């Protein structure tokens, strides 16, 4: 009864898409809400444990750049309910409308994503699916990291997952599936590196390639890395160095989010101001 929402209180609206372990609709509950739901009569023990883990993780997230979890329901079907974000995912803005973002707003989007993952890692949370689609822009101004279905707390008995099609953000160790914990803070850092690649190039990585299945093998191998030569010229040099640092093939040389955040915060201060000062107005 902590964050549980009684049945009947949530008016579920139009189907908007799918999330990790359910389909997402728009809903009305003291305003707008998003609802990720599982369209099944009876959850299996595996879907119910997955849902329980996601609620447990979201109940520890309380940050401006994390999609605000608002409650959960069990009664009709299992459902996670969040704040509603008018707008689109950053994936939609970058590759589906080519919304012309200024380099300044691109820097700010990266900085807010870094703040969100700084918070997550400081609470020992690994997202394990950070991608441009799980980044939502509220009112095309604020970043909200969402979709915690594959997230976990860093624990000894961690996890056990349906990796599926979205694999571009997967780090080489996660592709190879050969070490102790393929998912880690460094796997999240590499996913972050790929999202900065998308922010600074405008396109997805490994875009101009001939074959598609081997691509994995090449990344797994170390044979293929993002083409950093497609970063646009107005992208600051510190930002390109930082993305290279987040994309380095061996986990242990990749930086941690406290210093990723500090680097994005400091380089963002060296870009020319877009506004002017304000002076005393007319009384």
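Numbering follows the first chain given and starts at 1.
Checked against the other entries of this protein, residue 179 counts as unresolved in at least one third of those spanning it. For residue 76, the fraction of other compared entries lacking coordinates, among those that model flanking residues, is zero, nowhere near a third. According to the entry, the stretch of the deposited sequence that connects residue 160 to residue 161 contains 1 to 3 residues lacking coordinates, which leaves a short gap in the model. The question of which stretch, 174-182 or 67-75, has the higher mean Cα B factor is settled in favour of 174-182. Averaged over CA atoms, B-factors in the entry run higher in 92-100 than in the other of 122-130 and 92-100. Reading the B-factor column for the CA atoms of 82, 164, 201, 142 in the entry, the top value corresponds to 164.
Residue set 60, 250, 30, 237: peak C-alpha B-factor at 250 (per PDB entry). Split the chain's modelled residues into thirds by C-alpha temperature factor. Residue 4 is in the middle one. Among the modelled residues of the chain, residue 210 sits in the highest third by CA temperature factor in this PDB entry. Placement of the Cα temperature factor of residue 138 within the chain: middle third of the modelled residues, per the deposited record. When the CA B factors of the chain's modelled residues are split into thirds, the value for residue 40 lands in the highest one. In the deposited entry, the Cα temperature factor of residue 275 places it in the highest third of its chain's modelled residues.
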